[PDB]
$ cat work.csv   # CSV, C-alpha atoms and all ligand atoms
chain,number,residue,atom,x,y,z
S,21,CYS,CA,-10.9,30.7,-20.0
S,22,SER,CA,-13.3,29.1,-17.5
S,23,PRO,CA,-12.3,26.3,-15.2
S,24,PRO,CA,-13.2,22.8,-16.5
S,25,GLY,CA,-15.7,21.9,-13.8
S,26,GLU,CA,-18.7,24.0,-12.6
S,27,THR,CA,-22.5,24.2,-12.8
S,28,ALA,CA,-25.2,22.2,-11.0
S,29,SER,CA,-26.2,19.8,-13.8
S,30,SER,CA,-29.9,20.6,-12.8
S,31,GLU,CA,-29.6,17.9,-10.1
S,32,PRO,CA,-31.3,18.8,-6.8
S,33,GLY,CA,-29.4,16.6,-4.4
S,34,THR,CA,-30.3,14.9,-1.1
S,35,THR,CA,-30.0,15.9,2.6
S,36,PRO,CA,-26.7,14.6,4.0
S,37,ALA,CA,-27.2,11.5,6.1
S,38,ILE,CA,-26.3,11.6,9.8
S,39,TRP,CA,-22.6,11.0,10.1
S,40,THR,CA,-21.6,7.7,11.8
S,41,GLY,CA,-17.8,7.7,12.3
S,42,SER,CA,-15.7,4.6,12.5
S,43,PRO,CA,-13.0,3.7,15.1
S,44,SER,CA,-9.6,5.3,14.6
S,45,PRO,CA,-7.1,2.8,13.0
S,46,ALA,CA,-4.5,5.5,12.1
S,47,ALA,CA,-4.5,7.2,15.6
S,48,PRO,CA,-5.5,4.2,17.7
S,49,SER,CA,-3.7,0.9,16.9
S,50,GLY,CA,-6.4,-1.0,18.9
S,51,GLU,CA,-9.8,-0.4,20.5
S,52,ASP,CA,-9.6,1.7,23.6
S,53,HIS,CA,-11.3,0.5,26.8
S,54,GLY,CA,-13.0,2.2,29.7
S,55,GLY,CA,-13.2,0.7,33.2
S,56,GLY,CA,-10.7,-1.9,34.2
S,57,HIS,CA,-11.0,-4.7,36.7
S,58,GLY,CA,-10.4,-8.4,37.2
S,59,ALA,CA,-13.6,-9.4,35.5
S,60,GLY,CA,-13.2,-13.1,35.6
S,61,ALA,CA,-16.2,-13.6,33.2
S,62,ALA,CA,-17.3,-12.8,29.7
S,63,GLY,CA,-16.4,-9.1,30.4
S,64,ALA,CA,-18.0,-6.3,32.3
S,65,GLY,CA,-15.3,-3.8,32.9
S,66,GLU,CA,-15.3,-1.2,35.8
S,67,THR,CA,-18.6,0.4,34.8
S,68,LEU,CA,-22.1,-1.2,34.9
S,69,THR,CA,-25.3,0.8,35.5
S,70,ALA,CA,-28.9,0.0,36.1
S,71,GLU,CA,-32.3,1.6,36.0
S,72,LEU,CA,-35.1,1.0,38.5
S,73,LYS,CA,-38.5,0.9,36.9
S,74,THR,CA,-42.0,0.9,38.5
N,204,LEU,CA,35.9,25.4,-14.2
N,205,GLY,CA,32.5,24.5,-15.7
N,206,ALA,CA,32.2,21.2,-13.9
N,207,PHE,CA,33.3,22.7,-10.6
N,208,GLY,CA,30.9,25.6,-10.9
N,209,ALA,CA,28.0,23.2,-11.7
N,210,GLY,CA,28.9,21.0,-8.7
N,211,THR,CA,29.3,24.0,-6.3
N,212,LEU,CA,26.1,25.7,-7.4
N,213,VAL,CA,24.2,22.4,-7.1
N,214,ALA,CA,25.7,22.0,-3.6
N,215,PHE,CA,24.6,25.5,-2.7
N,216,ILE,CA,21.0,25.1,-4.0
N,217,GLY,CA,20.2,21.5,-3.3
N,218,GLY,CA,19.8,22.4,0.3
N,219,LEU,CA,17.0,24.7,-0.7
N,220,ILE,CA,15.2,22.4,-3.2
N,221,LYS,CA,12.4,20.4,-1.6
N,222,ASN,CA,10.1,18.2,-3.7
N,223,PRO,CA,6.6,19.8,-3.2
N,224,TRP,CA,5.0,16.5,-4.2
N,225,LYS,CA,6.8,14.2,-1.7
N,226,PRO,CA,4.0,12.3,0.0
N,227,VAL,CA,4.3,13.6,3.6
N,228,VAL,CA,0.7,14.2,4.8
N,229,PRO,CA,-0.8,11.0,6.0
N,230,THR,CA,-4.3,10.3,4.5
N,231,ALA,CA,-6.9,7.6,4.6
N,232,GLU,CA,-5.8,6.8,1.0
N,233,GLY,CA,-2.1,6.8,1.8
N,234,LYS,CA,0.5,9.5,2.3
N,235,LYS,CA,-0.2,12.5,0.1
N,236,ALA,CA,1.6,15.8,-0.8
N,237,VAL,CA,0.7,18.8,1.4
N,238,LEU,CA,-1.2,20.8,-1.3
N,239,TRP,CA,-3.5,17.8,-1.9
N,240,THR,CA,-4.6,17.9,1.8
N,241,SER,CA,-5.7,20.1,4.6
N,242,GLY,CA,-7.1,19.7,8.1
N,243,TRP,CA,-10.3,18.4,6.5
N,244,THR,CA,-8.6,15.4,4.8
N,245,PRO,CA,-9.7,12.3,6.7
N,246,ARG,CA,-6.6,10.9,8.4
N,247,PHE,CA,-8.5,7.6,8.6
N,248,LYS,CA,-11.7,6.3,7.1
N,249,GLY,CA,-14.9,7.4,8.9
N,250,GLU,CA,-13.1,10.1,10.8
N,251,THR,CA,-15.3,12.6,12.4
N,252,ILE,CA,-13.9,16.1,11.7
N,253,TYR,CA,-16.0,18.6,13.6
N,254,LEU,CA,-16.7,22.1,12.3
N,255,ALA,CA,-15.4,23.6,15.6
N,256,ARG,CA,-15.7,27.3,16.2
N,257,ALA,CA,-12.7,29.3,17.2
N,258,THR,CA,-13.6,30.9,20.5
G,301,LIG,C1,27.8,21.9,-0.1
G,301,LIG,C2,28.3,23.3,-0.4
G,301,LIG,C3,27.3,24.5,-0.2
G,301,LIG,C4,29.6,23.5,-0.9
G,301,LIG,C5,30.1,24.9,-1.3
G,301,LIG,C6,31.1,25.4,-0.2
G,301,LIG,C7,30.8,26.9,0.1
G,301,LIG,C8,29.6,27.2,1.0
G,301,LIG,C9,31.5,28.0,-0.4
G,301,LIG,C10,32.8,27.8,-1.3
G,301,LIG,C11,32.3,27.3,-2.7
G,301,LIG,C12,33.1,28.0,-3.8
G,301,LIG,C13,32.3,29.0,-4.6
G,301,LIG,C14,34.5,27.8,-4.0
G,301,LIG,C15,35.3,28.5,-5.1
G,301,LIG,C16,35.6,30.0,-4.7
G,301,LIG,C17,36.2,30.7,-5.9
G,301,LIG,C18,35.5,31.8,-6.6
G,301,LIG,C19,37.5,30.3,-6.3
G,301,LIG,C20,38.1,31.0,-7.5
G,301,LIG,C21,39.6,30.5,-7.6
G,301,LIG,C22,39.8,29.7,-9.0
G,301,LIG,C23,38.9,28.6,-9.4
G,301,LIG,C24,40.9,30.0,-9.8
G,301,LIG,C25,41.1,29.3,-11.2
G,301,LIG,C26,42.6,29.5,-11.6
G,301,LIG,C27,42.8,31.0,-12.3
G,301,LIG,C28,42.6,31.1,-13.8
G,301,LIG,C29,43.1,32.0,-11.5
G,301,LIG,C30,43.3,33.5,-12.1
G,301,LIG,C31,41.9,34.2,-12.3
G,301,LIG,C32,41.3,34.4,-10.9
G,301,LIG,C33,40.1,33.4,-10.4
G,301,LIG,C34,41.7,35.5,-10.2
G,301,LIG,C35,41.0,35.8,-8.8
G,301,LIG,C36,41.9,36.8,-8.0
G,301,LIG,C37,41.3,37.0,-6.6
G,301,LIG,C38,41.3,35.8,-5.6
G,301,LIG,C39,40.8,38.2,-6.2
G,301,LIG,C40,40.2,38.3,-4.7
G,301,LIG,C41,39.6,39.7,-4.6
G,301,LIG,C42,40.0,40.4,-3.2
G,301,LIG,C43,38.9,40.3,-2.1
G,301,LIG,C44,41.2,40.9,-3.0
G,301,LIG,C45,42.3,41.0,-4.1
G,301,LIG,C46,43.7,41.1,-3.4
G,301,LIG,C47,44.5,39.9,-3.2
G,301,LIG,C48,44.0,38.5,-3.5
G,301,LIG,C49,45.9,40.1,-2.5
G,301,LIG,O1,46.6,39.1,-2.3
G,301,LIG,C50,46.4,41.5,-2.1
G,301,LIG,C51,47.6,41.7,-1.5
G,301,LIG,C52,48.1,43.0,-1.1
G,301,LIG,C53,47.3,44.1,-1.4
G,301,LIG,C54,46.0,43.9,-2.0
G,301,LIG,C55,45.6,42.7,-2.4
G,301,LIG,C56,44.1,42.5,-3.0
G,301,LIG,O2,43.5,43.5,-3.3
G,302,LIG,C1,24.1,22.0,-14.2
G,302,LIG,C2,23.6,21.2,-13.0
G,302,LIG,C3,23.2,19.8,-13.4
G,302,LIG,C4,22.4,19.1,-12.4
G,302,LIG,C5,20.9,19.4,-12.5
G,302,LIG,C6,20.2,19.6,-11.1
G,302,LIG,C7,18.8,19.0,-11.1
G,302,LIG,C8,18.7,17.5,-11.2
G,302,LIG,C9,17.9,16.9,-10.1
G,302,LIG,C10,18.0,15.3,-10.3
G,302,LIG,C11,17.8,14.6,-8.9
G,302,LIG,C12,16.5,13.9,-8.7
G,302,LIG,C13,16.6,12.5,-8.0
G,302,LIG,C14,17.5,12.4,-6.7
G,302,LIG,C15,17.4,13.5,-5.7
G,302,LIG,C16,16.1,13.9,-5.1
G,302,LIG,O1,15.2,13.1,-5.0
G,302,LIG,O2,15.8,15.2,-4.6
G,302,LIG,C17,15.0,16.1,-5.3
G,302,LIG,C18,15.7,17.5,-5.5
G,302,LIG,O3,17.0,17.2,-6.0
G,302,LIG,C19,18.1,17.4,-5.2
G,302,LIG,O4,18.6,16.5,-4.7
G,302,LIG,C20,18.6,18.8,-5.0
G,302,LIG,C21,18.7,19.5,-6.3
G,302,LIG,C22,20.1,20.1,-6.7
G,302,LIG,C23,20.1,21.6,-6.9
G,302,LIG,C24,19.9,21.9,-8.3
G,302,LIG,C25,19.7,23.3,-8.6
G,302,LIG,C26,19.3,23.6,-10.1
G,302,LIG,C27,20.6,23.7,-11.0
G,302,LIG,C28,20.1,23.5,-12.4
G,302,LIG,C29,21.2,25.1,-10.9
G,302,LIG,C30,22.7,25.1,-10.6
G,302,LIG,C31,23.6,24.4,-11.7
G,302,LIG,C32,24.5,25.3,-12.5
G,302,LIG,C33,23.8,26.1,-13.6
G,302,LIG,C34,23.9,27.6,-13.5
G,302,LIG,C35,25.2,28.1,-14.0
G,302,LIG,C36,25.4,29.6,-13.6
G,302,LIG,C37,26.1,30.3,-14.8
G,302,LIG,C38,13.7,16.2,-4.7
G,302,LIG,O5,13.8,16.5,-3.3
G,302,LIG,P1,13.4,15.6,-2.0
G,302,LIG,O6,12.9,14.2,-2.4
G,302,LIG,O7,12.4,16.2,-1.1
G,302,LIG,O8,14.7,15.5,-1.0
G,302,LIG,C39,15.2,16.7,-0.6
G,302,LIG,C40,16.6,16.8,-0.9
G,302,LIG,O9,16.8,16.7,-2.3
G,302,LIG,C41,17.2,18.2,-0.6
G,302,LIG,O10,18.5,18.3,-1.0
G,302,LIG,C42,17.1,18.4,0.9
G,302,LIG,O11,17.4,19.8,1.1
G,302,LIG,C43,15.7,18.1,1.4
G,302,LIG,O12,15.0,19.0,0.8
G,302,LIG,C44,15.0,16.9,0.9
G,302,LIG,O13,13.7,17.1,1.2

$ encode --input "work.csv" --output "structure tokens"
Amino acid sequence: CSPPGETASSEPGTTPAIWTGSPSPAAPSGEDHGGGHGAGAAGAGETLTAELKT
Amino acid sequence: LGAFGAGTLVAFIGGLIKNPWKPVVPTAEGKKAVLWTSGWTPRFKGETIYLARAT
């Protein structure tokens, strides 16, 4: 006997889309954070960069 | 004798017997039995399982 499911079905297929993972509910109960500070405002954390352009 | 033998053999063996289809492996679709899963089963939705090489 042959297994029930095989063969292409003459269907070409499509290139897999770039993977975009989601946050981890099972492992992380909440959303992890980076830098910490007092941040008495809307929220900036302990990490804020800048780029100087000409 | 028959009842005692049945009970004693059940007592011996029941230690060994393990339900292979007890849902033990956590999965994005609820706990599942081991044979239905592997390291590639997404433990949570959208989980990124990298094809990591074994150096
Ligand atoms: C949760 C869990 C695993 C629980 C289980 C517990 C566990 C791990 C183990 C124990 C479980 C079990 C299997 C318990 C029962 C053990 C067992 C086979 C009991 C049988 C006893 C019984 C039910 C008797 C029913 C009444 C009846 C009709 C008795 C007459 C017929 C029988 C059974 C005769 C047996 C005769 C007998 C004990 C022979 C033993 C053979 C041996 C090693 C030696 C014989 C022997 C003897 C006995 C001498 O006294 C002696 C004295 C001086 C010189 C020489 C000898 C000699 O050669
Ligand atoms: C004549 C005997 C009449 C009784 C028939 C025996 C079979 C009936 C089973 C009914 C119980 C099912 C519901 C409740 C129970 C349930 O759900 O358990 C199941 C497993 O059934 C058990 O309980 C242990 C089974 C008992 C051993 C039976 C051995 C077969 C018999 C037929 C052979 C000896 C009898 C004499 C005949 C031969 C005569 C010789 C001349 C699944 O395991 P699991 O959910 O993982 O839990 C695990 C725990 O069991 C486990 O002890 C523990 O070790 C952990 O593994 C745990 O993971």

$ residues_near_ligand --input "work.csv" --ligand "ligand LIG 301 (chain G)" --cutoff "12 Å" --atoms "all atoms listed in the file" --output "list in words"
residues 204, 205, 206, 207, 208, 209, 210, 211, 212, 213, 214, 215, 216, 217, 218 and 219 of chain N

$ closest_atom_pairs --input "work.csv" --of "chain S" --to "chain N" --cutoff "10 Å" --atoms "only C-alpha atoms" --output "tab-separated table"
residue	atom	partner	partner_atom	distance
S:39	CA	N:251	CA	7.8
S:40	CA	N:249	CA	7.3
S:41	CA	N:249	CA	4.5
S:42	CA	N:249	CA	4.6
S:43	CA	N:249	CA	7.5
S:44	CA	N:247	CA	6.5
S:45	CA	N:247	CA	6.7
S:46	CA	N:247	CA	5.7
S:47	CA	N:247	CA	8.1

$ closest_residue --input "work.csv" --among "N:227, N:222, N:239, N:253" --to "ligand LIG 302 (chain G)" --atoms "all atoms listed in the file"
N:222

$ atom_distance --input "work.csv" --atom1 "CA of residue 257 (chain N)" --atom2 "CA of residue 245 (chain N)"
20.2 Å

$ atom_distance --input "work.csv" --atom1 "atom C31 of ligand LIG 302 (chain G)" --atom2 "CA of residue 223 (chain N)"
19.6 Å

$ axis_aligned_box --input "work.csv" --around "region 227-233 of chain N" --padding-each-side "3 Å" --output "AutoDock Vina command-line options"
--center_x -1.3 --center_y 10.5 --center_z 3.5 --size_x 17.2 --size_y 13.4 --size_z 11.0

$ atom_distance --input "work.csv" --atom1 "atom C38 of ligand LIG 302 (chain G)" --atom2 "CA of residue 237 (chain N)"
14.6 Å

$ residues_around --input "work.csv" --residues "residue 226 (chain N)" --least-positions-apart "5" --cutoff "7 Å" --atoms "all atoms listed in the file" --output "PyMOL selection string"
chain N and resi 234-236

$ residues_near_point --input "work.csv" --point "(-13.4, -3.6, 33.2)" --cutoff "9 Å" --atoms "all atoms listed in the file" --output "PyMOL selection string"
chain S and resi 53-59+63-67

$ build_atoms --input "work.csv" --residues "region 205-226 of chain N" --atoms "N, CA and C atoms" --output "mmCIF file, in the coordinates of the input"
data_model
loop_
_atom_site.group_PDB
_atom_site.id
_atom_site.type_symbol
_atom_site.label_atom_id
_atom_site.label_comp_id
_atom_site.auth_asym_id
_atom_site.auth_seq_id
_atom_site.Cartn_x
_atom_site.Cartn_y
_atom_site.Cartn_z
ATOM 1 N N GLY N 205 33.892 24.739 -15.490
ATOM 2 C CA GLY N 205 32.500 24.500 -15.700
ATOM 3 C C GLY N 205 31.933 23.420 -14.769
ATOM 4 N N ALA N 206 32.644 22.291 -14.709
ATOM 5 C CA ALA N 206 32.200 21.200 -13.900
ATOM 6 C C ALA N 206 32.212 21.577 -12.398
ATOM 7 N N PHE N 207 33.279 22.242 -11.951
ATOM 8 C CA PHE N 207 33.300 22.700 -10.600
ATOM 9 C C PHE N 207 32.247 23.666 -10.238
ATOM 10 N N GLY N 208 31.985 24.610 -11.142
ATOM 11 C CA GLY N 208 30.900 25.600 -10.900
ATOM 12 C C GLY N 208 29.559 24.902 -10.834
ATOM 13 N N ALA N 209 29.298 23.960 -11.742
ATOM 14 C CA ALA N 209 28.000 23.200 -11.700
ATOM 15 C C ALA N 209 27.907 22.484 -10.368
ATOM 16 N N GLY N 210 28.955 21.766 -9.961
ATOM 17 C CA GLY N 210 28.900 21.000 -8.700
ATOM 18 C C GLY N 210 28.691 21.938 -7.514
ATOM 19 N N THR N 211 29.386 23.076 -7.489
ATOM 20 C CA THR N 211 29.300 24.000 -6.300
ATOM 21 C C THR N 211 27.941 24.659 -6.277
ATOM 22 N N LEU N 212 27.402 25.082 -7.423
ATOM 23 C CA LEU N 212 26.100 25.700 -7.400
ATOM 24 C C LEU N 212 25.015 24.651 -7.035
ATOM 25 N N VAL N 213 25.151 23.414 -7.517
ATOM 26 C CA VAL N 213 24.200 22.400 -7.100
ATOM 27 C C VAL N 213 24.337 22.114 -5.615
ATOM 28 N N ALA N 214 25.552 22.179 -5.072
ATOM 29 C CA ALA N 214 25.700 22.000 -3.600
ATOM 30 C C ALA N 214 25.075 23.113 -2.851
ATOM 31 N N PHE N 215 25.242 24.355 -3.308
ATOM 32 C CA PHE N 215 24.600 25.500 -2.700
ATOM 33 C C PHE N 215 23.051 25.281 -2.677
ATOM 34 N N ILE N 216 22.483 24.999 -3.847
ATOM 35 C CA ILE N 216 21.000 25.100 -4.000
ATOM 36 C C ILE N 216 20.313 23.867 -3.507
ATOM 37 N N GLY N 217 20.889 22.679 -3.695
ATOM 38 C CA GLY N 217 20.200 21.500 -3.300
ATOM 39 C C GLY N 217 19.699 21.455 -1.904
ATOM 40 N N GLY N 218 20.369 22.200 -1.028
ATOM 41 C CA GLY N 218 19.800 22.400 0.300
ATOM 42 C C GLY N 218 18.465 23.008 0.299
ATOM 43 N N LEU N 219 18.249 23.972 -0.599
ATOM 44 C CA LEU N 219 17.000 24.700 -0.700
ATOM 45 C C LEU N 219 15.889 23.799 -1.287
ATOM 46 N N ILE N 220 16.232 23.080 -2.355
ATOM 47 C CA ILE N 220 15.200 22.400 -3.200
ATOM 48 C C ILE N 220 14.516 21.356 -2.332
ATOM 49 N N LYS N 221 13.191 21.444 -2.271
ATOM 50 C CA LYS N 221 12.400 20.400 -1.600
ATOM 51 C C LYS N 221 11.266 20.017 -2.616
ATOM 52 N N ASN N 222 11.107 18.717 -2.793
ATOM 53 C CA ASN N 222 10.100 18.200 -3.700
ATOM 54 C C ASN N 222 8.702 18.549 -3.138
ATOM 55 N N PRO N 223 7.945 19.449 -3.772
ATOM 56 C CA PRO N 223 6.600 19.800 -3.200
ATOM 57 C C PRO N 223 5.652 18.615 -3.259
ATOM 58 N N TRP N 224 5.923 17.581 -4.050
ATOM 59 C CA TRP N 224 5.000 16.500 -4.200
ATOM 60 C C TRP N 224 5.514 15.199 -3.541
ATOM 61 N N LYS N 225 6.410 15.342 -2.577
ATOM 62 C CA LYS N 225 6.800 14.200 -1.700
ATOM 63 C C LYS N 225 5.590 13.868 -0.854
ATOM 64 N N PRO N 226 5.123 12.615 -0.848
ATOM 65 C CA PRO N 226 4.000 12.300 0.000
ATOM 66 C C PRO N 226 4.367 12.320 1.480
#
